[PDB]
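Just below is one structure, and these are the notes that go with it.
Only the coordinates and a few stated rules stand behind these numbers; no lab work does. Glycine also receives a Cβ, built like all others from the backbone with ideal geometry; neighbour counts cover every protein chain displayed.
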Amino acid sequence: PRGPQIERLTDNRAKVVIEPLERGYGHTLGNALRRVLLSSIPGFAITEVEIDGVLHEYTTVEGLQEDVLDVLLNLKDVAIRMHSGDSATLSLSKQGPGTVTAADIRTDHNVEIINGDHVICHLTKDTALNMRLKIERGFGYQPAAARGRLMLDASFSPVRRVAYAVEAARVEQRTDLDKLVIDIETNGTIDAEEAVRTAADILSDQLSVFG
Amino acid sequence: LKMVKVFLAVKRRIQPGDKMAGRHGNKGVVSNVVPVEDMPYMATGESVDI
């Protein structure tokens, strides 16, 4: 009734406060929002990787310390936030010795990349690395089978873990009204406000079948 | 007169029904794959895998 109250403990993990609910409304709402925040929110991920020198995902390229599968897993590890559009294409160009981070890629004005402290690969020799990526939209988990060209799995889930607990609020009312707190830990892609907003949108679209 | 050998590399995932044993001799077979939302969770929100 009063609106969700937002606490800021960490810039990556926020916490929302919903109060005051009636007796017997905290557990069902908490479990429903936890399940929907876990396995309903769509996101963006990398589907295919097109490299000119790499033919298949089991070969070895000169100048690279790690293999191609390590680069594919490190590209699966990063997260990309896109403002508008359902598809994109990002290319990276990095030559010479030194580490390759996620911030070294060439992005668009709408495609926003996290700063990327996790490295992608390690370059030793003076070999140019021309790598083309592709971002698509979706929800859930889609394997590479059911969808010189490579294929990569994608986990469209910006939310990592959702916990909740029901606490009692001392308020002058007709009974004992209880509150609940929900701490959402994401990867920096989605915010804790639009996540529960689209969770309530999903609940209102799913409860529209009755009547 | 001629022999052609072709190397085929298959990367198989985990399927329900595969035999998986532990470290102390407790063998087992995977029944089914359950989503994360149905798994039991702790007080901090960490979901149990097995």
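Tell me which of these A:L69 doesn't satisfy, since it passes every other one: (1) within 14 Å of chain B (Cβ to nearest Cβ); (2) over 22 Å from A:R147 (Cα atoms).
(2)
Assess whether A:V71 counts as being within 14 Å of A:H122 (Cβ to Cβ) and surrounded by 17 or more Cβ atoms within 10 Å (Cβ to Cβ). Walk me through it before giving the result.
On the way: within 14 Å of A:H122 (Cβ to Cβ): yes; surrounded by 17 or more Cβ atoms within 10 Å (Cβ to Cβ): yes.
Criteria met by A:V71.
Kindly indicate whether any position in the range A:136-148 is more than 29 Å from B:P35 (Cα to Cα), surrounded by fewer than 17 Cβ atoms within 10 Å (Cβ to Cβ), touching a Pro at 6+ places or on another chain (Cβ under 8 Å) and of a type outside the set (A, V, I, L, M, F, W, C).
Residues of the range A:136-148 more than 29 Å from B:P35 (Cα to Cα): A:148.
Then drop every residue that is not surrounded by fewer than 17 Cβ atoms within 10 Å (Cβ to Cβ), which leaves A:148.
Add one more test, that the residue is touching a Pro at 6+ places or on another chain (Cβ under 8 Å), and what stays is none.
No - not one qualifying residue is present in the range A:136-148.
So, in the range A:115-129, how many residues would count as being in contact with a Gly (Cβ under 7 Å, 6 or more places away or on another chain), assigned to a loop (DSSP other than H, G, I, E, B) and surrounded by 13 or more Cβ atoms within 10 Å (Cβ to Cβ)?
Of the residues in the range A:115-129, the ones in contact with a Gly (Cβ under 7 Å, 6 or more places away or on another chain) are A:123-127.
Subset that is assigned to a loop (DSSP other than H, G, I, E, B): A:124-127.
Pick out the ones that are also surrounded by 13 or more Cβ atoms within 10 Å (Cβ to Cβ) and you get A:127.
So the answer is 1.
Criterion first (assigned to a loop (DSSP other than H, G, I, E, B), out of contact with any helix residue (DSSP H, G or I) (no Cβ under 8 Å at 6 or more places or on another chain) and over 27 Å from B:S47 (Cα atoms)) does A:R132 satisfy it?
Values: assigned to a loop (DSSP other than H, G, I, E, B): no; out of contact with any helix residue (DSSP H, G or I) (no Cβ under 8 Å at 6 or more places or on another chain): yes; over 27 Å from B:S47 (Cα atoms): yes.
Against the criterion (assigned to a loop (DSSP other than H, G, I, E, B), out of contact with any helix residue (DSSP H, G or I) (no Cβ under 8 Å at 6 or more places or on another chain) and over 27 Å from B:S47 (Cα atoms)), A:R132 does not qualify.
Tell me which of these B:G28 doesn't satisfy, since it passes every other one: (1) more than 9 Å from every other protein chain (Cβ to nearest Cβ); (2) exposed (fewer than 10 other Cβ atoms within 10 Å of the Cβ).
The single condition B:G28 does not satisfy is (2).
Does B:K19 meet the test of being away from every other protein chain (no Cβ under 12 Å), in contact with a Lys or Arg (Cβ under 7 Å, 6 or more places away or on another chain), surrounded by fewer than 10 Cβ atoms within 10 Å (Cβ to Cβ) and under 25 Å from A:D153 (Cβ atoms)?
Details: away from every other protein chain (no Cβ under 12 Å): yes; in contact with a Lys or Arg (Cβ under 7 Å, 6 or more places away or on another chain): yes; surrounded by fewer than 10 Cβ atoms within 10 Å (Cβ to Cβ): yes; under 25 Å from A:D153 (Cβ atoms): yes.
Yes.
Could you tell me whether the range B:36-47 includes any residue that is more than 10 Å from chain A (Cβ to nearest Cβ), within 30 Å of A:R35 (Cα to Cα) and not charged (D, E, K, R)? Talk me through it step by step, then tell me what you get.
Step one: list which residues in the range B:36-47 are more than 10 Å from chain A (Cβ to nearest Cβ), which gives B:40.
Applying the additional criterion that residues be within 30 Å of A:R35 (Cα to Cα) yields B:40.
Pick out the ones that are also not charged (D, E, K, R) and you get B:40.
Checked the range B:36-47: at least one residue is more than 10 Å from chain A (Cβ to nearest Cβ), within 30 Å of A:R35 (Cα to Cα) and not charged (D, E, K, R).
Can you say whether A:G96 is assigned to a loop (DSSP other than H, G, I, E, B), of a type outside the set (A, V, I, L, M, F, W, C) and surrounded by 13 or more Cβ atoms within 10 Å (Cβ to Cβ), as far as the supplied structure shows?
On the way: assigned to a loop (DSSP other than H, G, I, E, B): yes; of a type outside the set (A, V, I, L, M, F, W, C): yes; surrounded by 13 or more Cβ atoms within 10 Å (Cβ to Cβ): no.
No; evaluated as a whole, the condition is false for this residue.
Collect the residues in the range A:157-183 that are in a strand (DSSP E or B) and crowded, with 17+ Cβ neighbours inside 10 Å, keeping them in residue-number order. First the steps, then the outcome.
To start, the set of residues in the range A:157-183 that are in a strand (DSSP E or B) comprises A:159-168, A:178-183.
Selection gives A:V159, A:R161, A:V162, A:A163, A:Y164, A:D178, A:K179, A:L180, A:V181, A:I182, A:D183.
(1) under 14 Å from the mean Cα position of the chain (by Cα); (2) part of a loop (DSSP other than H, G, I, E, B): which one isn't true of A:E112, the others all being true?
Status for A:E112: all satisfied but (2).
Collect the residues in the range A:142-176 that are closer than 20 Å to A:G85 by Cα and either of a type in the set (D, E, K, R) or touching a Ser or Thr at 6+ places or on another chain (Cβ under 8 Å) (or both), keeping them in residue-number order.
Pass one, the range A:142-176, residues closer than 20 Å to A:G85 by Cα: A:142, A:147, A:154-158.
Those that are closer than 20 Å to A:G85 by Cα and either of a type in the set (D, E, K, R) or touching a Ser or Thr at 6+ places or on another chain (Cβ under 8 Å) (or both): A:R147, A:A154, A:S157, A:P158.
Out of all the residues in the range A:97-120, which are touching a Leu at 6+ places or on another chain (Cβ under 7 Å), over 19 Å from A:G138 (Cα atoms) and of a type outside the set (S, T, N, Q)?
Quick first cut of the range A:97-120, residues touching a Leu at 6+ places or on another chain (Cβ under 7 Å) only: A:97-98, A:100, A:104-107, A:111, A:120.
Now restrict to residues that are over 19 Å from A:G138 (Cα atoms): A:97-98, A:100, A:104-107, A:120.
The answer is A:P97, A:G98, A:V100, A:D104, A:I105, A:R106, A:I120.
Taking into account only those residues within the range A:33-65 that are exposed (fewer than 15 other Cβ atoms within 10 Å of the Cβ) and not aliphatic (A, V, I, L, M), which is nearest to the other protein chains (Cβ to nearest Cβ)?
Quick first cut of the range A:33-65, residues exposed (fewer than 15 other Cβ atoms within 10 Å of the Cβ) only: A:42, A:52, A:55-56, A:58-60, A:62, A:65.
After this cut, where a residue has to be not aliphatic (A, V, I, L, M) as well, the list is A:42, A:52, A:56, A:58-60, A:62, A:65.
Numbers: A:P42: 16, A:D52: 22, A:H56: 9, A:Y58: 6, A:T59: 11, A:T60: 14, A:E62: 21, A:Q65: 22 Å.
Result: A:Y58.
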